[PDB]
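Asks: Contents of run23.txt (compact mmCIF, C-alpha atoms) are below:
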# COMPACT_ATOMS: atom_id res chain seq x y z
CA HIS F 1 3.92 -44.36 24.37
CA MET F 2 4.97 -47.17 26.73
CA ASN F 3 8.48 -46.01 27.62
CA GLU F 4 11.10 -47.73 29.79
CA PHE F 5 9.59 -46.63 33.11
CA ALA F 6 5.99 -47.38 32.14
CA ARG F 7 6.89 -50.82 30.77
CA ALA F 8 8.61 -51.73 34.04
CA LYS F 9 5.69 -50.62 36.21
CA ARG F 10 3.20 -52.48 34.00
CA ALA F 11 5.15 -55.69 34.63
CA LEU F 12 4.91 -55.12 38.39
CA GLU F 13 1.22 -54.20 38.07
CA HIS F 14 0.60 -57.64 36.55
CA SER F 15 2.12 -59.43 39.54
CA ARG F 16 0.23 -57.10 41.89
CA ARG F 17 -3.12 -58.06 40.36
CA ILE F 18 -2.21 -61.76 40.55
CA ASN F 19 -1.76 -61.29 44.30
CA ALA F 20 -5.01 -59.31 44.57
CA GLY F 21 -6.92 -62.38 43.36
CA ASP F 22 -9.54 -60.53 41.30
CA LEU F 23 -9.73 -62.40 37.99
CA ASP F 24 -11.44 -59.62 36.02
CA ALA F 25 -8.75 -57.12 37.02
CA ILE F 26 -6.10 -59.59 35.83
CA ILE F 27 -7.76 -60.27 32.46
CA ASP F 28 -8.09 -56.51 31.92
CA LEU F 29 -4.31 -56.32 31.42
CA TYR F 30 -4.45 -58.66 28.40
CA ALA F 31 -5.37 -57.86 24.82
CA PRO F 32 -8.44 -59.76 23.53
CA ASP F 33 -6.17 -62.08 21.49
CA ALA F 34 -3.25 -62.29 23.93
CA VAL F 35 -1.13 -65.45 23.86
CA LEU F 36 0.16 -67.02 27.09
CA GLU F 37 2.84 -69.71 27.39
CA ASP F 38 3.10 -71.09 30.92
CA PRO F 39 5.55 -72.73 30.72
CA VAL F 40 7.25 -72.30 27.35
CA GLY F 41 7.30 -75.78 25.81
CA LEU F 42 3.61 -76.57 26.34
CA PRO F 43 0.80 -75.52 23.96
CA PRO F 44 -0.02 -71.81 24.18
CA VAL F 45 -3.16 -70.33 25.72
CA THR F 46 -4.97 -67.79 23.54
CA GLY F 47 -7.94 -65.55 24.28
CA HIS F 48 -9.66 -64.11 27.33
CA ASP F 49 -11.80 -67.24 27.74
CA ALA F 50 -8.74 -69.50 27.85
CA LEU F 51 -6.82 -67.04 30.04
CA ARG F 52 -9.66 -67.17 32.58
CA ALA F 53 -9.69 -70.97 32.67
CA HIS F 54 -5.91 -70.92 33.10
CA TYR F 55 -5.88 -68.56 36.08
CA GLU F 56 -8.93 -69.83 37.98
CA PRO F 57 -7.22 -72.96 39.41
CA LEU F 58 -4.17 -70.87 40.35
CA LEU F 59 -6.20 -68.21 42.17
CA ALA F 60 -8.07 -70.99 43.97
CA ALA F 61 -4.63 -72.14 45.19
CA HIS F 62 -3.94 -68.64 46.61
CA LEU F 63 -1.01 -67.98 44.28
CA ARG F 64 1.23 -65.27 45.72
CA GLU F 65 4.12 -63.73 43.79
CA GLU F 66 7.29 -61.94 44.87
CA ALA F 67 8.46 -59.96 41.85
CA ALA F 68 12.08 -58.99 41.27
CA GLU F 69 13.13 -55.74 39.62
CA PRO F 70 12.04 -55.82 35.95
CA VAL F 71 14.22 -55.21 32.90
CA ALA F 72 12.78 -52.85 30.27
CA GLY F 73 15.41 -52.58 27.54
CA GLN F 74 15.59 -50.46 24.41
CA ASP F 75 12.77 -52.04 22.37
CA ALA F 76 9.76 -50.04 23.72
CA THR F 77 7.43 -53.08 23.88
CA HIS F 78 9.02 -55.72 26.15
CA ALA F 79 9.55 -56.20 29.86
CA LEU F 80 11.37 -59.07 31.56
CA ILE F 81 10.86 -59.91 35.23
CA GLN F 82 11.75 -62.80 37.54
CA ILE F 83 8.87 -64.10 39.66
CA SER F 84 9.08 -66.24 42.80
CA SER F 85 5.74 -67.94 43.39
CA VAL F 86 4.09 -69.97 46.14
CA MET F 87 0.65 -71.60 46.05
CA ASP F 88 -1.38 -74.38 47.63
CA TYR F 89 -0.50 -77.83 46.33
CA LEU F 90 -4.11 -78.30 45.37
CA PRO F 91 -5.65 -78.24 42.82
CA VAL F 92 -2.83 -77.91 40.25
CA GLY F 93 -0.14 -79.92 42.07
CA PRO F 94 -1.44 -83.38 41.09
CA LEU F 95 -1.23 -82.28 37.45
CA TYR F 96 2.46 -81.48 37.94
CA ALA F 97 3.10 -84.70 39.87
CA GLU F 98 1.47 -86.81 37.15
CA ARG F 99 3.89 -85.24 34.65
CA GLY F 100 6.95 -86.00 36.78
CA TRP F 101 7.65 -82.31 37.48
CA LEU F 102 7.52 -82.84 41.25
CA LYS F 103 7.04 -85.65 43.75
CA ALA F 104 3.65 -85.95 45.41
CA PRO F 105 3.63 -84.88 49.09
CA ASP F 106 2.35 -86.86 52.05
CA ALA F 107 -0.28 -84.21 52.90
CA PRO F 108 -1.59 -82.48 49.76
CA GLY F 109 -4.21 -80.50 51.70
CA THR F 110 -1.45 -78.62 53.55
CA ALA F 111 1.57 -78.81 51.23
CA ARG F 112 2.69 -75.85 49.13
CA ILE F 113 4.48 -75.42 45.80
CA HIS F 114 7.26 -72.88 45.30
CA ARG F 115 8.37 -71.82 41.82
CA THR F 116 10.87 -69.44 40.25
CA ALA F 117 10.14 -68.29 36.71
CA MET F 118 11.32 -65.76 34.14
CA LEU F 119 8.62 -63.74 32.38
CA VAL F 120 9.03 -62.16 28.94
CA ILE F 121 6.10 -59.79 28.44
CA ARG F 122 5.31 -58.14 25.10
CA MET F 123 2.81 -55.26 25.20
CA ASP F 124 1.33 -53.07 22.51
CA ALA F 125 1.45 -49.27 22.42
CA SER F 126 -1.69 -49.21 24.59
CA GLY F 127 0.02 -51.19 27.36
CA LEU F 128 -2.11 -54.33 27.08
CA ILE F 129 -0.26 -57.63 27.10
CA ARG F 130 -0.15 -59.26 23.66
CA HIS F 131 2.25 -62.11 24.49
CA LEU F 132 3.52 -63.45 27.82
CA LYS F 133 6.20 -66.15 27.95
CA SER F 134 6.94 -67.83 31.29
CA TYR F 135 10.12 -69.92 31.46
CA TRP F 136 10.40 -72.59 34.17
CA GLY F 137 10.91 -76.32 34.47
CA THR F 138 11.23 -79.25 36.88
CA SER F 139 14.36 -77.83 38.51
CA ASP F 140 12.50 -74.57 39.27
CA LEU F 141 9.69 -76.39 41.13
CA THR F 142 9.80 -77.27 44.83
CA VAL F 143 7.18 -78.92 47.05
CA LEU F 144 7.16 -77.65 50.64
CA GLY F 145 5.59 -79.72 53.40
Rewrite the structure from the file as structure tokens, please.
Replies:
Amino acid sequence: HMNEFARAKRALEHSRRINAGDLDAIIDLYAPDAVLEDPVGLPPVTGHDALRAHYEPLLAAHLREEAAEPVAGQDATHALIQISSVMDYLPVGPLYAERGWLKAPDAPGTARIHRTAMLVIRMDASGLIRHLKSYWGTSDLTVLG
């Protein structure tokens, strides 16, 4: 069903829809009970409702992603891909700064956050995402400006 080539392109399609900014087109890639961990280590996010509330503040920050070449593997359900992200410091930045993940900038209205992350995406035979794990921490976060 979802072979090596299709699994790789579906990973890049996800990052493409993130850049497009249309929430409904993003949620359409997820199964109704899909689990998101962003980042791994914090409580997971389950369901389309919760996925919408997770992405809305990021889209409002004009999140843009530069995807690397994905890895498909032999398993017929997974795809791994490295993502380099940039977004407005507001509105999520203060949440990160209050956790100690970055230092607050002198001009939050104009500052920007860069991030590098590793995605582990598990899809079903239909191609919908059932589980997405994003790995990143303090050392992968940088405040610009």
Asks: Under the rule that all atoms listed in the file are counted, which of F:31, F:90, F:107, F:8 is the nearest residue to residue F:132?
Replies: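 Residue with the minimum atom-to-atom distance to residue F:132: F:31.
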Asks: Enter the distance from atom CA of residue F:143 to atom CA of residue F:104, in Å, rounded to one decimal.
Replies: 8.0 Å
Asks: Tell me which protein, DNA and RNA residues are within 10 Å of residue F:16, counting only C-alpha atoms, leaving out same-chain ones fewer than 6 positions away, and put them as a short mmCIF file (atom, residue, chain, number, x, y, z; two decimals) with C-alpha atoms, in the coordinates of the input.
Replies:
data_model
loop_
_atom_site.label_atom_id
_atom_site.label_comp_id
_atom_site.auth_asym_id
_atom_site.auth_seq_id
_atom_site.Cartn_x
_atom_site.Cartn_y
_atom_site.Cartn_z
CA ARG F 10 3.20 -52.48 34.00
CA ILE F 26 -6.10 -59.59 35.83
CA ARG F 64 1.23 -65.27 45.72
CA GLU F 65 4.12 -63.73 43.79
CA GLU F 66 7.29 -61.94 44.87
CA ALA F 67 8.46 -59.96 41.85
#
Asks: Closest to residue F:55 among F:3, F:110, F:19, F:126, using only C-alpha atoms?
Replies: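 When distances to residue F:55 are compared using only C-alpha atoms, the smallest one comes from F:19.
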Asks: From the options F:131, F:62, F:78, F:1, which residue's atoms come nearest to residue F:112, counting only C-alpha atoms?
Replies: F:62
Asks: What's around residue F:75 at 12 Å? Count only C-alpha atoms, leave out sequence neighbours fewer than 2 positions away in its own chain, and write the answer as a ChimeraX atom specification.
Replies: /F:1-4,7,71-73,77-80,121-125
Asks: Tell me, in Å to one decimal, how far atom CA of residue F:142 is from atom CA of residue F:115.
Replies: 6.4 Å
Asks: Which residue, F:57, F:70, F:32, F:105, has the smallest gap to residue F:87 when you use only C-alpha atoms?
Replies: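 Checking each of F:57, F:70, F:32, F:105 against residue F:87, counting only C-alpha atoms, the winner is F:57.
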Asks: Fewer than 4 positions away in the same chain doesn't count, so skip those; otherwise give me all residues within 10 Å of residue F:45, counting only C-alpha atoms, as JSON, numbers by chain.
Replies: {"F": [33, 34, 35, 36, 37, 38, 49, 50, 51, 52, 53, 54, 131, 132]}
Asks: Can you work out which one of F:133, F:113, F:144, F:81 has the shortest atom-to-atom distance to residue F:39, counting only C-alpha atoms?
Replies: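 When distances to residue F:39 are compared using only C-alpha atoms, the smallest one comes from F:133.
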Asks: So, with only C-alpha atoms as the atoms that count, which of F:5, F:13, F:29, F:56 lies closest to residue F:74?
Replies: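 Ranking F:5, F:13, F:29, F:56 by distance to residue F:74, first place goes to F:5.
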Asks: Please provide the set of residues having any atom within 7 Å of residue F:136, restricted to all atoms listed in the file, with same-chain residues fewer than 2 positions apart removed, written as a ChimeraX atom specification.
Replies: /F:39,116-118,134,140
Asks: Go ahead and dump the residues you just picked, C-alpha atoms, as an mmCIF file, keeping the file's coordinate frame.
Replies:
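Saved to again.cif:
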data_model
loop_
_atom_site.group_PDB
_atom_site.id
_atom_site.type_symbol
_atom_site.label_atom_id
_atom_site.label_comp_id
_atom_site.auth_asym_id
_atom_site.auth_seq_id
_atom_site.Cartn_x
_atom_site.Cartn_y
_atom_site.Cartn_z
ATOM 1 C CA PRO F 39 5.550 -72.730 30.720
ATOM 2 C CA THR F 116 10.870 -69.440 40.250
ATOM 3 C CA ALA F 117 10.140 -68.290 36.710
ATOM 4 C CA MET F 118 11.320 -65.760 34.140
ATOM 5 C CA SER F 134 6.940 -67.830 31.290
ATOM 6 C CA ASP F 140 12.500 -74.570 39.270
#
Asks: Please compute the atom CA of residue F:27-atom CA of residue F:86 distance, one decimal, in Å.
Replies: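 Taking atom CA of residue F:27 as the start and atom CA of residue F:86 as the end point, the length is 20.5 Å.
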Asks: Please identify all polymer residues within 10 Å of residue F:91, counting only C-alpha atoms, omitting same-chain residues fewer than 6 positions from it, and present them as number ranges by chain.
Replies: F: 57-58, 60-61, 108-109
